[PDB]
Amino acid sequence: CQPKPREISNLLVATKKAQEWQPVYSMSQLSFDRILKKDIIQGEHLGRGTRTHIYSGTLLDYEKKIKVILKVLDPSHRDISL
Amino acid sequence: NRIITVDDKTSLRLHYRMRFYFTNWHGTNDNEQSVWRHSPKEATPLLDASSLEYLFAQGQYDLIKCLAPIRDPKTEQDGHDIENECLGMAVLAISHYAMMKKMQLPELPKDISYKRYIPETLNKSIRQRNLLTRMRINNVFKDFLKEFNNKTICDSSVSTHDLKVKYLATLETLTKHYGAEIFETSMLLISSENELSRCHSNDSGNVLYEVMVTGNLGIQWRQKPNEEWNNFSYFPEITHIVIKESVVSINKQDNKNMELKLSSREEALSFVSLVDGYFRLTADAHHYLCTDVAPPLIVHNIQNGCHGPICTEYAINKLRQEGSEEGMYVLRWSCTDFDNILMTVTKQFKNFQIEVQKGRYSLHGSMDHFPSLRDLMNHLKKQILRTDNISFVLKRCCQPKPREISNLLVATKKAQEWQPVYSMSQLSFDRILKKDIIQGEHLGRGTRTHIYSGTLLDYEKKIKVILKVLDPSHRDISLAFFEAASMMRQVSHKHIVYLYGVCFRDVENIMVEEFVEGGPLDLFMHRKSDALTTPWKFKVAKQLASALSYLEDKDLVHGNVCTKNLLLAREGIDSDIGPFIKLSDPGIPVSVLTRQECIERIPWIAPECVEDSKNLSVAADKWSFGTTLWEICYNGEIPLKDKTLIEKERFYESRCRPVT
Amino acid sequence: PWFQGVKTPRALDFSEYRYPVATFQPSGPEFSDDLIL
Amino acid sequence: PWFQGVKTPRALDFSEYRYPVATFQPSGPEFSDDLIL
Ligand SMILES: Nc1ncnc2c1ncn2[C@@H]1O[C@H](CO)[C@@H](O)[C@H]1O
């Protein structure tokens, strides 16, 4: 067995400043931001990825009229939504 | 609200004092967080300039007259140091008087003597000592005065306003438990009604206790020594207070209770008034806790709808949120005059002044008058108003909202933690792996939802749960499903069911919920119709009200408050133990329902939601609670049955009263 | 005993100052004339 | 000047104490005997 990067042990010394650099725990939380369907505008086709389709698009009222890329999961592969 | 009667024989003497106090209002002491009023989008100072002078005089009188207790020493060194600091305080006060008199120390030394500026007990103690010490302390006082009156004033450029805050800050720490009131009693009961517990804490011993209330900490109690205090609650956590003769009861949001006895009714009222006053300063300025101590002005404001002495910017901002349509207006008391009300009407924002005199109301610039403010408003409603080139008609008034933030409220460190969190667009929930659940038999069908029994493994082990599955044919509303699941994650109350998480399995989505074996309250009310008693019904209503209040405080909305969503955890019919109920999940929102399905929820669904679904807000719950109260008292009888859909619509349209 | 010790009071110094709120500035117009339909 | 002032050093009092780690306790067995296939 071999050591691992940033492996915690009694060799390390804890300090207040270094306390903020510790990683956060997200073992099972799923969190994301919702965008309302009225703020996006779908554009032309750009190509196909791995079971994914890509279109150009524009986002409104986030300045205004900003250009973005839209990636859509294929309809026939919804089982992998997780 | 105490009534004072004079009948040519009574004689009494009173004092006009500042009662409510917050410690460390000044920012001098950096060891603790300061306090400040809220401001519209530095921090506003708490006290006005005029009030500070009277507070200074009150503090000086308290110190000199020995009404407040002076701290006792812990050794000889600090025993002399406290006397030294008191002499310094006397120096500060006499220097303030000399400066305000606009004359120097040598100009008027005739009336100078430090005896009139120390607590009487300390003066008596010194008088019993040797003459040489008296001469030496006189010399020290004179030298200190001479030094401060010439060197410090130019060294620091201290003004008349500068010394008062230092005086008050020093008195805050030189005095024992300053700015607090403490009560003594021989009996004290603390109760809690956790599930199947009903823990009657405390004992029947003869020991005595003490209760202390302060602005920055709340309510604390302990046994009187022959020990550190233990915290009971802070002001925003209280719900209501009730007086039984001379016994005071305090009730919290988590159903915890405190009950204690005082000397007499006067003491009970004095105790209740302090807490009721603090609640308005810290929690909400448009509410009162106990009916027995309600000030008349707050009652008048609640009946009519006038705001307090709020700032103009807040009033302007409120009108903008309502679309700024012509005819809407806001009433608020003038910030300077005790008899004028500023009707702000709306783009344009015109002001008007209403004069109030000896109970007679009349608009400024007219001779006709009315005996009631509401009457004056009603008369003014139907006329057409003229100002410059524009004419308009008033249509509707704006009203305050619960826990509305304004400059009336006071911010503190303790109250800072009670502020709501922002979750405007975040959707968050916990994932459950498909291998940990086991699906059971069918249990029935809900609104576009199927329910199955099930078991959860390795969370103890082999725990029983309820599984709710969205219908396959209605996957378009998956956003509502996720929103409901996210909402249920934030709540934590003993009368609401617990949500374990959501499990993803192929295309299906599953919600995992606690299992309550008593079943819906509706069926139990149906079967045990004859055995029910009045206290049972009141106990049922109280818990539902408490849960809805908790939901209101966090600004969440539950759209299906009905009897079908009440689950029995304990029947309590057999013996003294009361029933226990829990409130289910919100379910499918009304926003995705058709026109016809909105009709069938009459009279549970609010009318403004029938008019337009986007109008949903927290106020819709208070209608469903009223309907549910009627449903309870008649053994679960179906309200407004046998009416067709068109008749139900006519009921809402004609503004008729549905049930009595 | 006390004659051997001379020390200035600790509370007689000042630092960082303080300030209350001054007042609100009065203001109010009036142009009210009424008519009846 | 200084003869009129006598005060004990502020650092000569003690409170709440302190403590370092003592040591690690030595321990180790050995039962090694080797064989070849
Ligand atoms: N949230 C819930 N908690 C416990 N049991 C429930 C819940 N929803 C439905 N049930 C059960 O479903 C059946 C009626 O639909 C009853 O057995 C009832 O206990």
# chains A, B, ... in the order shown; residues from 1 in each chain; ligands from 1

call {"tool": "calpha_fit_and_write", "arguments": {"fixed": "chain C", "moving": "chain D", "output": "PDB file with N, CA, C and O atoms, in the first residue's frame"}}
result
ATOM      1  N   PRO D   1      -1.543  53.574  53.309  1.00  0.00           N
ATOM      2  CA  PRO D   1      -1.756  52.502  52.334  1.00  0.00           C
ATOM      3  C   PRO D   1      -2.058  53.017  50.927  1.00  0.00           C
ATOM      4  O   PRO D   1      -1.313  52.719  49.994  1.00  0.00           O
ATOM      5  N   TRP D   2      -3.144  53.777  50.779  1.00  0.00           N
ATOM      6  CA  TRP D   2      -3.521  54.289  49.467  1.00  0.00           C
ATOM      7  C   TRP D   2      -2.673  55.480  49.046  1.00  0.00           C
ATOM      8  O   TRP D   2      -2.645  55.825  47.860  1.00  0.00           O
ATOM      9  N   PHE D   3      -1.981  56.118  49.993  1.00  0.00           N
ATOM     10  CA  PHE D   3      -1.162  57.276  49.654  1.00  0.00           C
ATOM     11  C   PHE D   3       0.030  56.895  48.790  1.00  0.00           C
ATOM     12  O   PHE D   3       0.605  57.764  48.125  1.00  0.00           O
ATOM     13  N   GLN D   4       0.410  55.621  48.782  1.00  0.00           N
ATOM     14  CA  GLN D   4       1.537  55.152  47.989  1.00  0.00           C
ATOM     15  C   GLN D   4       1.152  54.797  46.561  1.00  0.00           C
ATOM     16  O   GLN D   4       2.020  54.369  45.793  1.00  0.00           O
ATOM     17  N   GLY D   5      -0.114  54.954  46.187  1.00  0.00           N
ATOM     18  CA  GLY D   5      -0.543  54.618  44.845  1.00  0.00           C
ATOM     19  C   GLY D   5      -1.379  55.696  44.190  1.00  0.00           C
ATOM     20  O   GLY D   5      -2.450  56.053  44.687  1.00  0.00           O
ATOM     21  N   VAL D   6      -0.895  56.223  43.068  1.00  0.00           N
ATOM     22  CA  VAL D   6      -1.600  57.242  42.301  1.00  0.00           C
ATOM     23  C   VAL D   6      -1.726  56.753  40.867  1.00  0.00           C
ATOM     24  O   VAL D   6      -0.716  56.479  40.209  1.00  0.00           O
ATOM     25  N   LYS D   7      -2.961  56.646  40.383  1.00  0.00           N
ATOM     26  CA  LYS D   7      -3.205  56.188  39.025  1.00  0.00           C
ATOM     27  C   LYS D   7      -4.440  56.883  38.479  1.00  0.00           C
ATOM     28  O   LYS D   7      -5.458  57.015  39.163  1.00  0.00           O
ATOM     29  N   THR D   8      -4.336  57.332  37.231  1.00  0.00           N
ATOM     30  CA  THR D   8      -5.457  57.990  36.583  1.00  0.00           C
ATOM     31  C   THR D   8      -6.572  56.981  36.314  1.00  0.00           C
ATOM     32  O   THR D   8      -6.307  55.799  36.072  1.00  0.00           O
ATOM     33  N   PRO D   9      -7.831  57.413  36.380  1.00  0.00           N
ATOM     34  CA  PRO D   9      -8.939  56.496  36.081  1.00  0.00           C
ATOM     35  C   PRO D   9      -8.837  55.952  34.665  1.00  0.00           C
ATOM     36  O   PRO D   9      -8.500  56.674  33.725  1.00  0.00           O
ATOM     37  N   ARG D  10      -9.136  54.661  34.520  1.00  0.00           N
ATOM     38  CA  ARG D  10      -9.039  54.024  33.212  1.00  0.00           C
ATOM     39  C   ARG D  10     -10.121  54.509  32.260  1.00  0.00           C
ATOM     40  O   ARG D  10      -9.967  54.388  31.040  1.00  0.00           O
ATOM     41  N   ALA D  11     -11.216  55.058  32.787  1.00  0.00           N
ATOM     42  CA  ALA D  11     -12.336  55.452  31.945  1.00  0.00           C
ATOM     43  C   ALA D  11     -12.250  56.895  31.465  1.00  0.00           C
ATOM     44  O   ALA D  11     -13.169  57.350  30.777  1.00  0.00           O
ATOM     45  N   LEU D  12     -11.189  57.622  31.802  1.00  0.00           N
ATOM     46  CA  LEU D  12     -11.093  59.030  31.437  1.00  0.00           C
ATOM     47  C   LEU D  12     -10.484  59.257  30.059  1.00  0.00           C
ATOM     48  O   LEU D  12     -10.418  60.406  29.613  1.00  0.00           O
ATOM     49  N   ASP D  13     -10.040  58.208  29.376  1.00  0.00           N
ATOM     50  CA  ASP D  13      -9.578  58.348  28.004  1.00  0.00           C
ATOM     51  C   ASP D  13     -10.743  58.150  27.036  1.00  0.00           C
ATOM     52  O   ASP D  13     -11.804  57.637  27.397  1.00  0.00           O
ATOM     53  N   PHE D  14     -10.536  58.568  25.788  1.00  0.00           N
ATOM     54  CA  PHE D  14     -11.566  58.465  24.763  1.00  0.00           C
ATOM     55  C   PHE D  14     -10.930  58.042  23.448  1.00  0.00           C
ATOM     56  O   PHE D  14      -9.774  58.380  23.174  1.00  0.00           O
ATOM     57  N   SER D  15     -11.689  57.309  22.635  1.00  0.00           N
ATOM     58  CA  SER D  15     -11.176  56.822  21.363  1.00  0.00           C
ATOM     59  C   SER D  15     -12.334  56.402  20.467  1.00  0.00           C
ATOM     60  O   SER D  15     -13.346  55.873  20.933  1.00  0.00           O
ATOM     61  N   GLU D  16     -12.171  56.686  19.172  1.00  0.00           N
ATOM     62  CA  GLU D  16     -13.014  56.195  18.083  1.00  0.00           C
ATOM     63  C   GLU D  16     -14.387  56.858  18.028  1.00  0.00           C
ATOM     64  O   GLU D  16     -15.116  56.676  17.048  1.00  0.00           O
ATOM     65  N   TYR D  17     -14.739  57.634  19.055  1.00  0.00           N
ATOM     66  CA  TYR D  17     -15.926  58.487  19.038  1.00  0.00           C
ATOM     67  C   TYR D  17     -17.233  57.727  18.823  1.00  0.00           C
ATOM     68  O   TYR D  17     -17.238  56.501  18.668  1.00  0.00           O
ATOM     69  N   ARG D  18     -18.351  58.451  18.845  1.00  0.00           N
ATOM     70  CA  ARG D  18     -19.666  57.873  18.607  1.00  0.00           C
ATOM     71  C   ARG D  18     -20.555  58.947  17.995  1.00  0.00           C
ATOM     72  O   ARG D  18     -20.147  60.100  17.835  1.00  0.00           O
ATOM     73  N   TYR D  19     -21.783  58.556  17.656  1.00  0.00           N
ATOM     74  CA  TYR D  19     -22.707  59.457  16.981  1.00  0.00           C
ATOM     75  C   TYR D  19     -24.116  58.891  17.035  1.00  0.00           C
ATOM     76  O   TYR D  19     -24.313  57.696  16.781  1.00  0.00           O
ATOM     77  N   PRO D  20     -25.113  59.714  17.384  1.00  0.00           N
ATOM     78  CA  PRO D  20     -26.512  59.306  17.213  1.00  0.00           C
ATOM     79  C   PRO D  20     -27.070  59.787  15.883  1.00  0.00           C
ATOM     80  O   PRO D  20     -26.360  60.448  15.120  1.00  0.00           O
ATOM     81  N   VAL D  21     -28.328  59.474  15.593  1.00  0.00           N
ATOM     82  CA  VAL D  21     -28.991  60.036  14.424  1.00  0.00           C
ATOM     83  C   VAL D  21     -29.434  61.452  14.760  1.00  0.00           C
ATOM     84  O   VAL D  21     -29.801  61.747  15.905  1.00  0.00           O
ATOM     85  N   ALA D  22     -29.370  62.346  13.773  1.00  0.00           N
ATOM     86  CA  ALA D  22     -29.679  63.748  14.039  1.00  0.00           C
ATOM     87  C   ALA D  22     -31.182  63.967  14.171  1.00  0.00           C
ATOM     88  O   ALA D  22     -31.689  64.243  15.266  1.00  0.00           O
ATOM     89  N   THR D  23     -31.913  63.819  13.069  1.00  0.00           N
ATOM     90  CA  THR D  23     -33.355  64.034  13.034  1.00  0.00           C
ATOM     91  C   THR D  23     -33.858  63.716  11.637  1.00  0.00           C
ATOM     92  O   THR D  23     -33.073  63.492  10.710  1.00  0.00           O
ATOM     93  N   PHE D  24     -35.180  63.710  11.497  1.00  0.00           N
ATOM     94  CA  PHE D  24     -35.794  63.648  10.181  1.00  0.00           C
ATOM     95  C   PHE D  24     -36.144  65.052   9.698  1.00  0.00           C
ATOM     96  O   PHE D  24     -36.497  65.934  10.486  1.00  0.00           O
ATOM     97  N   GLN D  25     -36.046  65.256   8.384  1.00  0.00           N
ATOM     98  CA  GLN D  25     -36.283  66.568   7.801  1.00  0.00           C
ATOM     99  C   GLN D  25     -37.754  66.709   7.443  1.00  0.00           C
ATOM    100  O   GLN D  25     -38.240  65.979   6.567  1.00  0.00           O
ATOM    101  N   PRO D  26     -38.496  67.616   8.079  1.00  0.00           N
ATOM    102  CA  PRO D  26     -39.927  67.747   7.774  1.00  0.00           C
ATOM    103  C   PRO D  26     -40.161  68.212   6.346  1.00  0.00           C
ATOM    104  O   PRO D  26     -39.427  69.048   5.814  1.00  0.00           O
ATOM    105  N   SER D  27     -41.208  67.665   5.730  1.00  0.00           N
ATOM    106  CA  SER D  27     -41.628  68.071   4.396  1.00  0.00           C
ATOM    107  C   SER D  27     -42.997  67.472   4.111  1.00  0.00           C
ATOM    108  O   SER D  27     -43.245  66.293   4.375  1.00  0.00           O
ATOM    109  N   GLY D  28     -43.881  68.301   3.562  1.00  0.00           N
ATOM    110  CA  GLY D  28     -45.172  67.837   3.122  1.00  0.00           C
ATOM    111  C   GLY D  28     -45.928  68.868   2.311  1.00  0.00           C
ATOM    112  O   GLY D  28     -46.123  70.011   2.733  1.00  0.00           O
ATOM    113  N   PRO D  29     -46.369  68.474   1.120  1.00  0.00           N
ATOM    114  CA  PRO D  29     -47.186  69.368   0.294  1.00  0.00           C
ATOM    115  C   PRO D  29     -48.676  69.132   0.482  1.00  0.00           C
ATOM    116  O   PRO D  29     -49.074  68.205   1.193  1.00  0.00           O
ATOM    117  N   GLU D  30     -49.503  69.967  -0.147  1.00  0.00           N
ATOM    118  CA  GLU D  30     -50.949  69.766  -0.144  1.00  0.00           C
ATOM    119  C   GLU D  30     -51.607  70.520  -1.293  1.00  0.00           C
ATOM    120  O   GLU D  30     -51.478  71.744  -1.401  1.00  0.00           O
ATOM    121  N   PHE D  31     -52.312  69.792  -2.157  1.00  0.00           N
ATOM    122  CA  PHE D  31     -52.993  70.379  -3.305  1.00  0.00           C
ATOM    123  C   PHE D  31     -54.364  69.743  -3.486  1.00  0.00           C
ATOM    124  O   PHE D  31     -54.756  69.405  -4.607  1.00  0.00           O
ATOM    125  N   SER D  32     -55.097  69.577  -2.391  1.00  0.00           N
ATOM    126  CA  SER D  32     -56.319  68.783  -2.370  1.00  0.00           C
ATOM    127  C   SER D  32     -57.522  69.672  -2.648  1.00  0.00           C
ATOM    128  O   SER D  32     -57.804  70.602  -1.885  1.00  0.00           O
ATOM    129  N   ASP D  33     -58.225  69.382  -3.740  1.00  0.00           N
ATOM    130  CA  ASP D  33     -59.530  69.959  -4.022  1.00  0.00           C
ATOM    131  C   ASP D  33     -60.409  68.858  -4.592  1.00  0.00           C
ATOM    132  O   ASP D  33     -59.971  68.102  -5.464  1.00  0.00           O
ATOM    133  N   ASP D  34     -61.643  68.773  -4.107  1.00  0.00           N
ATOM    134  CA  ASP D  34     -62.509  67.643  -4.401  1.00  0.00           C
ATOM    135  C   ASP D  34     -63.681  68.068  -5.274  1.00  0.00           C
ATOM    136  O   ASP D  34     -64.137  69.213  -5.236  1.00  0.00           O
ATOM    137  N   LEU D  35     -64.164  67.113  -6.065  1.00  0.00           N
ATOM    138  CA  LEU D  35     -65.315  67.312  -6.930  1.00  0.00           C
ATOM    139  C   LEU D  35     -66.206  66.081  -6.829  1.00  0.00           C
ATOM    140  O   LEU D  35     -65.749  64.991  -6.478  1.00  0.00           O
ATOM    141  N   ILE D  36     -67.487  66.269  -7.131  1.00  0.00           N
ATOM    142  CA  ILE D  36     -68.480  65.205  -7.047  1.00  0.00           C
ATOM    143  C   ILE D  36     -69.103  65.004  -8.422  1.00  0.00           C
ATOM    144  O   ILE D  36     -69.419  65.974  -9.120  1.00  0.00           O
ATOM    145  N   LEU D  37     -69.260  63.742  -8.813  1.00  0.00           N
ATOM    146  CA  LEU D  37     -69.861  63.395 -10.097  1.00  0.00           C
ATOM    147  C   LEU D  37     -71.315  63.848 -10.171  1.00  0.00           C
ATOM    148  O   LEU D  37     -72.214  63.041 -10.399  1.00  0.00           O
TER     149      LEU D  37
END

call {"tool": "residues_near_ligand", "arguments": {"ligand": "ligand 1", "cutoff": "10 Å", "atoms": "only C-alpha atoms and all ligand atoms", "output": "PyMOL selection string"}}
result
chain B and resi 442-446+450-453+465-468+496-499+512-521+523+564-569+582-585

call {"tool": "select_by_dssp", "arguments": {"residues": "segment 470-612 of chain B", "states": "strand (DSSP E or B)", "output": "JSON, numbers by chain"}}
result
{"B": [470, 496, 499, 500, 501, 502, 503, 504, 505, 508, 509, 510, 511, 512, 513, 520, 566, 567, 568, 569, 570, 580, 581, 582, 583]}

call {"tool": "select_by_dssp", "arguments": {"residues": "chain D", "states": "helix (DSSP H, G or I)", "output": "ChimeraX atom specification"}}
result
/D:2-4,10-12

call {"tool": "residues_around", "arguments": {"residues": "segment 63-74 of chain A", "least_positions_apart": "5", "cutoff": "7 Å", "atoms": "only C-alpha atoms", "output": "list in words"}}
result
residues 51, 52, 53, 54, 55, 56, 57 and 58 of chain A

call {"tool": "interface_residues", "arguments": {"of": "chain A", "to": "chain B", "cutoff": "10 Å", "atoms": "only C-alpha atoms", "output": "PyMOL selection string"}}
result
chain A and resi 26-36+77-82

call {"tool": "atom_distance", "arguments": {"atom1": "atom CA of residue 326 of chain B", "atom2": "atom CA of residue 652 of chain B"}}
result
26.5 Å

call {"tool": "interface_residues", "arguments": {"of": "chain B", "to": "chain C", "cutoff": "7 Å", "atoms": "only C-alpha atoms", "output": "tab-separated table (two decimals) with N, CA and C atoms, in the first residue's frame"}}
result
chain	number	residue	atom	x	y	z
B	44	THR	N	-28.30	52.96	10.59
B	44	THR	CA	-28.95	54.04	11.31
B	44	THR	C	-28.70	53.90	12.81
B	45	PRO	N	-28.36	54.98	13.51
B	45	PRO	CA	-28.26	54.90	14.97
B	45	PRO	C	-29.62	54.62	15.60
B	47	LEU	N	-30.92	55.57	18.66
B	47	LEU	CA	-31.58	56.60	19.45
B	47	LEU	C	-31.55	57.94	18.73
B	48	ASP	N	-32.61	58.72	18.92
B	48	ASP	CA	-32.65	60.09	18.42
B	48	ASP	C	-31.80	60.99	19.31
B	49	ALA	N	-31.43	62.16	18.79
B	49	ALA	CA	-30.62	63.09	19.56
B	49	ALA	C	-31.34	63.58	20.81
B	84	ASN	N	-12.31	54.53	43.00
B	84	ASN	CA	-11.58	55.43	42.12
B	84	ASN	C	-12.37	55.71	40.84
B	85	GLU	N	-12.96	54.66	40.26
B	85	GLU	CA	-13.74	54.84	39.04
B	85	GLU	C	-15.01	55.65	39.29
B	88	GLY	N	-13.94	59.13	39.31
B	88	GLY	CA	-13.76	59.56	37.92
B	88	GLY	C	-15.08	59.86	37.23
B	162	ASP	N	-19.85	64.18	23.24
B	162	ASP	CA	-18.87	63.10	23.34
B	162	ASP	C	-18.84	62.47	24.72
B	170	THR	N	-19.44	53.54	30.57
B	170	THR	CA	-18.80	53.19	31.83
B	170	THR	C	-19.82	52.69	32.84
B	351	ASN	N	-48.97	63.42	-2.00
B	351	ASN	CA	-49.17	63.31	-0.57
B	351	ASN	C	-50.37	64.15	-0.15
B	352	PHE	N	-51.01	63.75	0.94
B	352	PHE	CA	-52.11	64.51	1.52
B	352	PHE	C	-52.04	64.40	3.03
B	353	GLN	N	-52.54	65.43	3.70
B	353	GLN	CA	-52.47	65.51	5.16
B	353	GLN	C	-53.88	65.46	5.73
B	383	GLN	N	-66.05	60.48	-4.33
B	383	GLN	CA	-65.84	61.73	-5.05
B	383	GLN	C	-64.68	61.59	-6.04
B	384	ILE	N	-64.59	62.55	-6.95
B	384	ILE	CA	-63.47	62.63	-7.89
B	384	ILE	C	-62.54	63.75	-7.42
B	385	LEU	N	-61.26	63.44	-7.31
B	385	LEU	CA	-60.29	64.36	-6.75
B	385	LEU	C	-59.63	65.19	-7.85
B	386	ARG	N	-59.30	66.43	-7.50
B	386	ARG	CA	-58.67	67.36	-8.43
B	386	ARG	C	-57.38	67.90	-7.83
B	387	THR	N	-56.30	67.77	-8.59
B	387	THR	CA	-55.01	68.35	-8.22
B	387	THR	C	-54.23	68.64	-9.50

call {"tool": "atom_distance", "arguments": {"atom1": "atom CA of residue 638 of chain B", "atom2": "atom CA of residue 563 of chain B"}}
result
10.6 Å

call {"tool": "atom_distance", "arguments": {"atom1": "atom CA of residue 400 of chain B", "atom2": "atom CA of residue 282 of chain B"}}
result
16.6 Å
